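Single chain ahead, by itself, as structure tokens, in the form deposited in one PDB entry.
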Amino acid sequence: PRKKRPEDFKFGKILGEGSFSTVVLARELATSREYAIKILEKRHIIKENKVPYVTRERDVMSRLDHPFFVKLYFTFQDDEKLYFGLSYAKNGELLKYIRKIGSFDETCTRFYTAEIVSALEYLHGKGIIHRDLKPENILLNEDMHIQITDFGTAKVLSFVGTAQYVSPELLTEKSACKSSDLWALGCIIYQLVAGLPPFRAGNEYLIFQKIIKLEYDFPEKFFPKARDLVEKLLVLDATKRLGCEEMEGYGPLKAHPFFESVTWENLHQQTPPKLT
């Protein structure tokens, strides 16, 4: 297949804006397909010493082959810019719906938590750690299944993710692992049910204090079995988090009672519960 050029597309609105990149909606002219095209300015990548990160992002995505991840269809470049042609998830970030519906009911929480768990199982199976897992990075496709994106900061088996989601070992050891993603998962479940991330404060530094102290609370309107799972994820000792290999992996995680009624085999063929 011949290399694609920007002229092959009618570019539209900006879908997303990062520190080092912008994502734009593009309809390919010959096929009429829409793609989310990530555009990186080379000069900028270089002056900020991000080449390894862009390289790492491209390499990971090429390796991923699973419905719960944003797919990479193509890349090309002109003299100033890199272009990554990516899945366009029509319903945008999970964060939106949290902010929109306020907080998920038990059924919706269970469904989307389970899809996220299944995605982590796959990713961790490939020896890849995301390291910046959070609702903004978890997108929803036209059928409201998740697609996890944003792999520039993954590690394949230094970097710190987003404050509310970083694990304690990041703040004390500076060396993460598969378990750091499970911590972030704990935070996301809590936020799904509570409407808000568990650790939060006036500024980043206060946030980090609450984390290493495990200073956080459960609302009373909090699904109990969901509460019990969260506590088995938000654990200072990374080797004691459910789902981590020192806890014998995703079997015990998926067998948690909160997931009692979940069919793990075909989640993406299942029909998600309406979000309201």
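Start at 1 with the first residue shown and count on from there.
Below, we turn to the form deposited with a partner chain bound, even though it does not appear here.
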Quick one: which of 79 to 87, 148 to 156, 104 to 112, 170 to 178 gets within 4.5 Å of the partner chain in the deposited bound form, going by heavy atoms? 79 to 87
Answer key, the partner chain contact in the deposited bound form at 4.5 Å (heavy atoms) among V235, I207, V54, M247: the residue is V54
Please tell me which of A163, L72, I128, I98 lies within 4.5 Å of the partner chain in the deposited bound form, judged by heavy atoms. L72
Answer with yes or no whether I46 is in contact with the partner chain in the deposited bound form, where contact means some heavy atom within 4.5 Å. yes
Any of the heavy atoms of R227 lying within 4.5 Å of the partner chain in the deposited bound form? no
Answer for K240 alone: is it within 4.5 Å of the partner chain in the deposited bound form, judged on heavy atom distances? no
Is there a non-hydrogen atom of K213 within 4.5 angstroms of a non-hydrogen atom of the partner chain in the deposited bound form? no
Every residue in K3, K42 and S62 with a non-hydrogen atom within 4.5 Å of the partner chain in the deposited bound form? yes
